[PDB]
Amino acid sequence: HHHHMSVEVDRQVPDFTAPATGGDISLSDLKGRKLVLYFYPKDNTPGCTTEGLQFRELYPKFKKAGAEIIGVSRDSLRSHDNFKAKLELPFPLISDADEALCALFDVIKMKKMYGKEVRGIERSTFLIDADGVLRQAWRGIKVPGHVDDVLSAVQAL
């Protein structure tokens, strides 16, 4: 493939590798498990803290249903180590500082602040099955109710 391929529901997710808490993660590491890959704008903000804590609270149910959780933001590994420790998260955080995954999943959104454009992440989640296929996307979602919805989708696959 001589052109970049972005993710689409019903289609294979292109294989990727990225730095993470505890060491690097490749999509191929997740073969045979469901993967909830959740993108959040920024470590240590209120909404991203609540989202992480709610995935933490339901983590045993995700695991029982055959799924892993991975959070993604562009923050540094140092920030991720601190944020994971503060929230006692039982799952990894990918540091997408170079935007490879944000580009692949098409979550970048420019925001206008006082005549300046700011490069942001649109809070979005992707459910990838054990076969590596994108089964469901939630783009620009609000946090309340979201982890419940993702767990229901994981359980129904």
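In case it trips you up, residue 1 is the first one in the sequence shown, and so on.
Averaged over CA atoms, B-factors in the entry run higher in 22-30 than in the other of 22-30 and 99-107. Comparing 6-14 with 129-137, the higher mean C-alpha B-factor in the PDB entry belongs to 6-14.
Out of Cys48, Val36, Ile94, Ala65, the entry records its largest CA B-factor for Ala65. Among all modelled residues in this chain, the alpha-carbon of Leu58 has a temperature factor (C-alpha) in the middle third. For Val72, the recorded CA B-factor ranks within the lowest third of the chain. Only modelled residues enter the ranking.
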